[PDB]
Structures are given as structure tokens and as C-alpha cells.
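**Student:** Sequence and experimental coordinates follow.
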Amino acid sequence: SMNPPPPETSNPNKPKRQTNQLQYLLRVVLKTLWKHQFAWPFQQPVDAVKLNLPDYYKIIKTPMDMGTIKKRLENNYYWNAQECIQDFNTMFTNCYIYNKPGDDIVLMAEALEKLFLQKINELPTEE
Ligand SMILES: Cn1cc(-c2cccc(C(F)(F)F)c2)c2sc(C(=N)NC3CCS(=O)(=O)CC3)cc2c1=O
């Protein structure tokens, strides 16, 4: 029933970089998804108390959300693009694991994921 602490967005000893791919992930990928009309359920960690989802964190053991990803990008938490791409994919997969096909939240995730896939297709080559 209770909420876990959110995923880490700061860790001083963790290796990190500012690469042109990571800059694209923030300026193009995150910003495109964040402004979408269906972004709002994904802009912060799932609040299992408020949403009355006492099973959520018993089923979803690797939670992820765009609020976390935004903070990780802004605070240069990542080493490479793949780490960030994996976070987006975790977020989508979590939604499909927890919910039913055709549920509103799944339809919203699908719409965001289509855009994500389009933008990652244009990920720039490493400089
Ligand atoms: C990632 N995520 C996010 C939400 C969510 C977050 C903030 C607000 C809201 C809300 F309620 F205001 F719309 C939803 C939710 S809500 C939800 C939910 N209640 N899912 C049920 C759908 C019907 S079911 O039979 O599949 C049981 C779970 C799942 C998720 C989610 O994964």
C-alpha cells in the first residue's frame, strides 16, 4: 500500500557525461513527450496511495516515470544514451505489464511510445 522512495536522480560517485545524444534525449525526446496531451499520468512516480493501487509496487519492481527521467537528464545523471532509452522503455513496459489491453492508460502509453520511437530513430551519431 505505501509508496517506495522514488528512483535515484542524484548519486555523486556514479559516472556520468554530457554527450550530444543525451542532449537530444532532453531537447527533442523528453520535451516532445512531456508536452503531449497524454503525458500527465507519466510525469511523476505512480502514487499508489492516492490512486488506490496497493498492488502496484508489488508487481512493478523497476518503476520509472518521465519526472524521474527529466530530473536525471537535467542533473546529468546518465553515462550514455542507452541508459536513458532503457528508462523510457521501462516506463512503457511497466504500464503494459500492470494494466489491461485497451485501458485508457495503455492507449496513452502507446501514443507516447509511437512518438518516442520516431524520435529515437533520428538519434544523432555520437560526436
Ligand atoms: C503509470 N500509471 C499512471 C497512472 C496515473 C497516474 C496519475 C494519475 C492517474 C489518474 F488516475 F488520475 F488518471 C493515473 C495509472 S492509473 C492506473 C490504473 N488505475 N490502472 C488500472 C486499469 C484497469 S485494470 O483492470 O487494468 C487495473 C489497473 C494505472 C496507472 C499507471 O500505470
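**Tutor:** Structure's in. What do you need? Numbering: from 1, shown residues only.
**Student:** What parts of the protein come near the ligand?
**Tutor:** 41, 42, 46, 51, 53, 95, 98, 99, 100, 103, 105 (C-beta under 6 Å from any ligand atom). Every residue, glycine included, has its C-beta placed from N, CA and C.
**Student:** Can you tell me which of those has the most neighbours?
**Tutor:** Neighbour tally across those (other C-beta atoms under 10 Å): the maximum, 25 neighbours, falls on residue 42.
**Student:** what about the helices in the protein?
**Tutor:** Assigned by DSSP state H, the helices in the chain fall at 20-24, 31-34, 56-59, 66-74, 81-98, 104-121.
**Student:** Would you mind finding the most buried of those helices?
**Tutor:** helix 66-74 (a mean of 20; mean count of other C-beta atoms under 10 Å).
**Student:** helices or strands next to that helix in the packing?
**Tutor:** For helix 66-74, the packing partners by 3 or more C-beta pairs under 8 Å, 6 or more residues apart in numbering; DSSP states H and E come out as helix 31-34, helix 81-98.
**Student:** Tell me how far that helix lies from the chain's centre.
**Tutor:** Its chain's C-alpha centre and that of helix 66-74 lie 8 Å apart, by C-alpha atoms, centre = their mean, to the nearest Å.
**Student:** the inter-axis angle of it versus helix 104-121?
**Tutor:** 20 degrees (axes from the mean of the first three to the mean of the last three C-alpha atoms, to 10 degrees).
**Student:** Is it possible to get the helices and strands packed on helix 66-74 out as a markdown table so that each row also shows distance to residue 115?
**Tutor:** What follows is the helices and strands packed on helix 66-74, written out as a markdown table (distance: least, C-beta to C-beta, whole Å):
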| stretch | distance to residue 115 |
| --- | --- |
| helix 31-34 | 6 |
| helix 81-98 | 11 |
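**Student:** Of all these, which one is nearest residue 18?
**Tutor:** Nearest to residue 18, of all the helices and strands packed on helix 66-74, is helix 81-98, at 11.6 Å by C-beta to C-beta.
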